[PDB]
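This report refers to the structure that appears directly beneath it.
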Amino acid sequence: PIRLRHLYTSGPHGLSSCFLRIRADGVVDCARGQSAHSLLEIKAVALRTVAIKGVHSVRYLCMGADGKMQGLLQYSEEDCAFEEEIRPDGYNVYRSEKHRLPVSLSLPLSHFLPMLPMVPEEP
């Protein structure tokens, strides 16, 4: 099962707007608003486990050294499969078992709300 969403977070001071963006060059960063490279495919691999892929970069969201996120053309479940956990604020944490860390865009910037796209689209 697939959801097309944009993942939103903000920082500890609550001033920023950060949509997780997987760029064509593999950099993962923040965008202020929803854009083409922030549209993500969140695939429910099993139970609460997800794989997340940038629709337009066709890159998987993967965790590397120190928990630093990157976009890779090839999926590796150990680095790119996450446990999706709802939090009291209504946002999710995406936990990497291998890395023992949450997905974060720094932890700050680790609660992500899957927001619907402002316009419709098919996978």
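The numbering of chain A matches Swiss-Prot: 41-146, 160-176, in order.
So this one's X-ray crystallography, 1.3 Å, going by the header.
Every residue, even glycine, has its Cβ placed from backbone N, Cα and C.
Taken from Swiss-Prot, the feature disulfide bond covers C58-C70 (among others), and the record attributes it to experimental evidence. A simple way to gauge crowding: the CB of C58 (disulfide bond) has 19 other CB atoms within 10 angstroms, across all the protein chains here.
What Swiss-Prot lists as disulfide bond is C102-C120 (among others), and the listing cites experimental evidence. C102 (disulfide bond) carries a strand DSSP state (E or B).
The disulfide-bonded residues examined here are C70, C102; by Cβ neighbour count within 10 Å, the least packed of them is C70.
Over all protein chains present, the Cβ of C120 (disulfide bond) has 22 other Cβ atoms lying within 10 Å. Across the structure, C102 (disulfide bond) and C58 (disulfide bond) are spaced 18 Å apart at their Cα atoms. Cα of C70 (disulfide bond) to Cα of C120 (disulfide bond): a span of 19 Å.
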